[PDB]
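J.: Have a look at this fold, sequence not included:
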Ligand SMILES: C=CC1=C(C)/C(=C/c2[nH]c(/C=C3N=C(/C=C4\NC(=O)C(C)=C4C=C)C(C)=C\3CCC(=O)O)c(CCC(=O)O)c2C)NC1=O
Ligand SMILES: *[C@@H]1O[C@H](CO)[C@@H](O[C@@H]2O[C@H](CO)[C@@H](O)[C@H](O)[C@H]2NC(C)=O)[C@H](O)[C@H]1NC(C)=O
Ligand SMILES: *[C@@H]1O[C@H](CO)[C@@H](O)[C@H](O)[C@H]1NC(C)=O
Ligand SMILES: *[C@@H]1O[C@H](CO)[C@@H](O)[C@H](O)[C@H]1NC(C)=O
Ligand SMILES: *[C@@H]1O[C@H](CO)[C@@H](O)[C@H](O)[C@H]1NC(C)=O
Ligand SMILES: *[C@@H]1O[C@H](CO)[C@@H](O)[C@H](O)[C@H]1NC(C)=O
Ligand SMILES: *[C@@H]1O[C@H](CO)[C@@H](O)[C@H](O)[C@H]1NC(C)=O
Ligand SMILES: *[C@@H]1O[C@H](CO)[C@@H](O)[C@H](O)[C@H]1NC(C)=O
Ligand SMILES: *[C@@H]1O[C@H](CO)[C@@H](O)[C@H](O)[C@H]1NC(C)=O
Ligand SMILES: *[C@@H]1O[C@H](CO)[C@@H](O)[C@H](O)[C@H]1NC(C)=O
Ligand SMILES: *[C@@H]1O[C@H](CO)[C@@H](O)[C@H](O)[C@H]1NC(C)=O
Ligand SMILES: *[C@@H]1O[C@H](CO)[C@@H](O)[C@H](O)[C@H]1NC(C)=O
Ligand SMILES: *[C@@H]1O[C@H](CO)[C@@H](O)[C@H](O)[C@H]1NC(C)=O
Ligand SMILES: *[C@@H]1O[C@H](CO)[C@@H](O)[C@H](O)[C@H]1NC(C)=O
Ligand SMILES: *[C@@H]1O[C@H](CO)[C@@H](O)[C@H](O)[C@H]1NC(C)=O
């Protein structure tokens, strides 16, 4: 039991084609679930904070093309911060800045990839004792450019990546993408969910990987699976909570 | 009734459960010397727990002894398994087979998984298998073997049968007295109220029905597996209690961790003692709960074993007049069969069938006196009046030997005028 | 006695406290830190009493089962004659006598044990004529030359009589029937 | 609970495998037997857990290979004795030792497997008496004549046979 995204929960899908662009500031309540369905490297990173103005400081976690940088600075953010191709059009000024280092050396080009969506990159961001914990998993997921905007089936366990000591209050967060040559960005999509304090049962296989988790206290059948510590329930009557 | 059915039905009775012993110092502490001391203050409780478990383990062998070792004369299995047309081969051991058990006993032993000897190298070389028995034994939970092996229990069963096939009911009371099986079957028929001439007149049919019922029993336990559910539940409860005991070692019991190594490595010996004492109290409580539930299950198993010993004495070693005690119907014979953690009784019963309506009278007014039937009832087929036994339609001429005279015929309600033969 | 003495001996357990003696704890500590040690001792001793009471309940259930069986044996073996095999002693039960014992009862089962058996050639029935004769009580026995009818549990031979036997059907159906004569008074 | 890069200065000894040792892996102490493991840790994991919370595996911090941790204490042990003031010699039954040819206290002079474990200190006899001291799996023991502890297969009862005949009865 901890902070998890509930099964079959209300999550918001945000779409990107050459005519629309949606980067609205989602609330950061008890942790969020983030997942980008993308054929290229569009969603560069995120901005975490409270007001996202220069009165308070903010977290700038993003990929510049070759490294994953985190900056806990107080920014004068431009309205709708973006990347003009590889050029960062993020902030006008940055001062009083308490954290600036690179987390990983990940080469991610800004080139547009034609075709259909290829991979889904799933993230879990949660705040624990002033540190931003990042959980990450990447799965191949072929999605077309029409008639379906759903999440993949099954489970994919997100491994713990980083513990960033940002040390500040986070209530809102904003996604940033790259704008190509200052036009409306290419085909991309991202989903924002919200974690809740739930119990959940995880099944580990013989190799140690999590497969087929279940959400305890979602329906009485799941609570029976929780109590039985099993994913197979025999026929009969079962007392629940 | 004008006919009958020879019915053989099974009754599955648990007799013994798994004997177990617990090393407290191995369960409460893994190998921690720091936990071995401060457990000396709780040694009386662990001697109490092991005393209760030893009493249960001794009572299990006492339960097995009181059911199967009723007679101490191990009668030899005869070379011929046919006793007046009655085929005893499926319930007696086959000398041509390597196993010294009956075919029915082999089917019974194949129907229980028996998942509770081991070696340290076996658990050391099979870590990736994650065996439950290795996890039980690494925490000081051992399973003790029963005193009687399955071969000796099968030998006791094969001595109980063929002591009743060759000497019948007369070896549980004194020395065995041999008797032909047809005459002993006639005695059993006389025991249920059927005249023995019915058995001699329908010996081939009765033997064929008995063999067919034995074959029906054999096929119902090469098919469905829910018949041995009581023994399987005994095995499953004994395994589940030990697995719960193993799983309950992950409880923190209010301490900072449920791991003794973590507490010892992070804390010095002023603050590790508090968490270690909390873990000791919790694990001792878990062991006490396990021992208490084992005592409850041992009491239930002992009640079942006492009932099984009573059925061994009254259904196998004799013919019982008690209704439904030795199967449904009029009891004729019972044959024990050795099963894992229990016994299976093959109850041979007499089921009357194919009844016919008859006009009946309580008594016959032949003259100024009244005639009452000695054994049986007065029946009429429409024209003439006969007297027959109750459990089989055998109409006989109403004579003075068939009836007796008591009083006048003006006081019996339902009295019927008819002649009575006098030779 | 062992349960009571174990209850007495378990008062020496510290139960995680600094001492198993209340007087030592009260003499060394004031009432803010003696309270936790006294509470630990209270919890441990209450647990010991609960364990004793639970084991007493289980033993009382076993004793009640034994007493119910003893009352059934008093009813069926002492106040009557039991036809149940091995319920009142080994053998054919005649009578039983209860004897008072400390914490229980001792039954003296008087039983009939037949002995000194002898071999006899036997037949299921007698084909005296076109009809067949079956024994009313007991079995047909032969001493080598003549045929007799005796009761089952005791050798008391007597000649075959129409009162001793009964007639049912012809004699070509019974397997093992022998030829003899039946006396008619 | 996790891989660590800041440690106190203690030592770094060599790995001792297939032997009960006092281990200390990244500050986590304990006793057990270290063996090579077919487990693949996911590079954020340093310790492994069984169905309890016992640390049954560990990732070695120098050579990043997983080692299994098993307790070195294992196997049921029983003592067979006659009464005190009858004898002082005993027989020891090691339930989880196959000595048919060890993890025993003493090698003795009498060894044979009983299907209830290895029996040391009692000589096998071919006779079959009634049970005096139950060992298990059909084996019993007694103090029998110079006096010694002997182990034997228990006898189920007197051997008997009934002369069955289709025309003979016993009265
Ligand atoms: C901004 C955060 C961010 C995270 C959390 C991140 C994690 C991350 N990205 C990876 C690969 C990768 N992931 C990406 C790209 C991305 N994947 C993403 O999560 C995002 C947002 C991008 C960039 C837009 C690519 C292209 C690689 C490198 C593949 C390679 O060259 O082998 C890997 C695997 C590295 C390895 O196996 O050696 C990790 C752990 N990368 C990031 O850039
Ligand atoms: C920790 O240091 C040890 C000792 O130097 C390293 O073990 C050596 O590794 C090299 C390179 O693989 C081998 O050629 C040597 O044979 C190893 N020596 C011994 C004694 O094992 C080890 O690789 C280092 N580990 C890390 C994670 O840096
Ligand atoms: C802070 O933001 C305000 C607008 O809210 C702007 O006028 C001002 O110049 C900014 N100051 C700095 C130092 O960036
Ligand atoms: C972080 O440091 C890099 C150089 O290491 C610098 O280019 C960058 O501007 C810094 N980010 C700030 C001050 O926000
Ligand atoms: C575990 O991994 C092996 C390869 O190392 C693979 O063959 C096997 O299928 C995997 N097991 C599961 C349950 O996925
Ligand atoms: C009794 O039933 C059996 C089996 O069906 C049959 O063979 C036999 O003829 C029946 N007997 C009578 C008298 O009807
Ligand atoms: C008894 O039955 C078995 C099969 O169940 C058969 O092989 C055997 O011949 C039968 N015996 C007799 C005497 O018919
Ligand atoms: C006996 O008579 C009753 C009442 O008429 C009838 O229902 C029943 O079937 C009869 N039983 C027979 C013929 O066996
Ligand atoms: C009843 O049975 C007798 C037997 O002698 C027979 O003569 C008579 O006809 C029968 N009556 C019937 C079937 O109504
Ligand atoms: C039997 O019952 C019938 C029908 O009710 C009745 O007429 C008759 O008197 C009764 N006979 C006796 C003897 O009670
Ligand atoms: C009866 O006959 C059998 C078989 O011949 C024999 O063993 C036995 O001694 C005889 N006598 C008695 C009294 O049983
Ligand atoms: C059998 O008994 C009869 C009647 O007492 C007697 O005459 C006869 O001699 C006996 N036969 C033998 C062989 O003892
Ligand atoms: C009794 O058995 C013998 C030996 O097999 C046989 O010859 C005889 O016919 C049998 N008698 C019967 C079945 O009446
Ligand atoms: C002991 O080892 C032998 C080696 O031949 C093996 O046959 C046997 O099954 C093992 N176990 C027992 C309990 O004897
Ligand atoms: C005991 O029996 C075994 C197995 O048959 C045999 O090898 C051994 O010599 C016997 N010992 C005796 C008779 O002393």
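T.: Structure received. Residues are numbered from 1 along each chain as shown, chains lettered A, B, ... in the order given. Ligands and ions are numbered 1, 2, ... in the order given.

J.: Neighbours of the residue of chain D at minimum distance from ligand 5, how many?
T.: At 7.2 Å from ligand 5, residue D:40 is the closest residue in chain D, using CB to the nearest ligand atom. In short, each C-beta sits where N, CA and C put it, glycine included. Counted by other CB atoms under 10 Å in any protein chain shown, the residues lying close to residue D:40 total 11.

J.: For it, give me the backbone phi and psi.
T.: phi -110, psi 110 (degrees, to the nearest 10).

J.: can I assume it is in contact with residue D:66?
T.: Yes. If you go by CB atoms under 8 Å, residue D:40 and residue D:66 touch, sitting 7.2 Å apart.

J.: gap between the nearest residue to residue D:81 once chain neighbours are set aside and chain A?
T.: In this structure, residue D:81 finds its nearest non-sequential neighbour in residue D:90, 4.5 Å apart by CB to CB, 6 or more residues apart in numbering or on different chains. Per CB to the nearest CB, to the nearest Å, residue D:90 is found 44 Å from chain A.

J.: ok, residue D:90 - contacts?
T.: Contact analysis of residue D:90 by CB atoms under 8 Å, 6 or more residues apart in numbering or on different chains lists D:79, D:80, D:81, D:121, D:149.

J.: just curious, which of those is nearest to residue B:389?
T.: Among these, residue D:80 lies closest to residue B:389 (CB to CB), at 62.2 Å.

J.: pretty sure that closest one is in contact with residue D:135, am I right?
T.: Yes. At 6.8 Å, residue D:80 and residue D:135 qualify as touching, with contact defined as CB under 8 Å.

J.: Could you tell me which residues touch both of the two?
T.: Residues touching both residue D:80 and residue D:135 by CB under 8 Å, 6+ apart: D:93, D:119, D:141.

J.: Go through those and flag which are in strands.
T.: Among the shared contacts of residue D:80 and residue D:135, the members found in strands (DSSP state E) are D:93, D:119, D:141.

J.: I'd like the contacts of residue D:90 written out as JSON lines, with neighbour count, secondary structure and distance to residue A:164 added.
T.: Shown next, in JSON lines, are the contacts of residue D:90 (neighbours: other CB atoms under 10 Å in any protein chain shown; DSSP: H, G, I helix; E, B strand; the rest coil; distance: CB to CB, whole Å):
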{"residue": "D:79", "neighbour count": "9", "secondary structure": "strand", "distance to residue A:164": "61"}
{"residue": "D:80", "neighbour count": "22", "secondary structure": "strand", "distance to residue A:164": "66"}
{"residue": "D:81", "neighbour count": "17", "secondary structure": "coil", "distance to residue A:164": "67"}
{"residue": "D:121", "neighbour count": "21", "secondary structure": "coil", "distance to residue A:164": "66"}
{"residue": "D:149", "neighbour count": "21", "secondary structure": "strand", "distance to residue A:164": "71"}
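
J.: out of these, which touch ligand 14?
T.: With CB under 6 Å from any ligand atom as the criterion, those include none near ligand 14.

J.: Between all of these, which two are separated the most?
T.: D:79 and D:149 (11.1 Å).

J.: what do those two both touch?
T.: Counting by CB under 8 Å, 6+ apart, the contacts common to residue D:79 and residue D:149 are D:90, D:91.

J.: Figure out the helix or strand that residue B:215 lives in.
T.: Using DSSP states H and E, residue B:215 sits in helix B:203-220.

J.: Could you check that helix against chain C for contacts?
T.: Yes. Interface with chain C: helix B:203-220 contributes residue B:203 (CB under 8 Å from any CB of the partner chain).

J.: contacting residues around that helix?
T.: B:5-10, B:84-87, B:90-91, B:103-104, B:107, B:182, B:185, B:199, B:227, B:346, B:348, C:175.

J.: Number of residues surrounding residue A:78?
T.: 11.

J.: One more: the one 5 residues further on?
T.: Using other CB under 10 Å, residue A:83 has 23 neighbouring residues.

J.: Ok, residue B:121 next?
T.: Residue B:121 has 10 neighbours, counted by other CB under 10 Å.

J.: Quick check: phi and psi on it?
T.: Torsion angles, degrees, to the nearest 10, at residue B:121: phi -70, psi -30.

J.: what does the one 10 residues further on give?
T.: Main-chain torsions, residue B:131, degrees, to the nearest 10: phi -70, psi 140.

J.: distance of it from residue B:115?
T.: Distance, residue B:131 to residue B:115, by CB to CB, to the nearest Å: 11 Å.

J.: what does residue B:32 give?
T.: Look at residue B:32 and residue B:115: by CB to CB, they are 31 Å apart.

J.: what's the answer for residue B:376, then?
T.: The gap separating residue B:376 from residue B:115 is 56 Å, by CB to CB.

J.: Looking only at neighbour counts, state which of these two leads.
T.: Neighbour totals were compared for residue B:376 and residue B:115, and residue B:376 leads with 20 against 11 (other CB under 10 Å).

J.: which ones are touching residue B:408?
T.: Residue B:408 neighbours (CB under 8 Å, 6+ apart): B:368, B:369, B:370.

J.: Okay then, goodbye and thanks.
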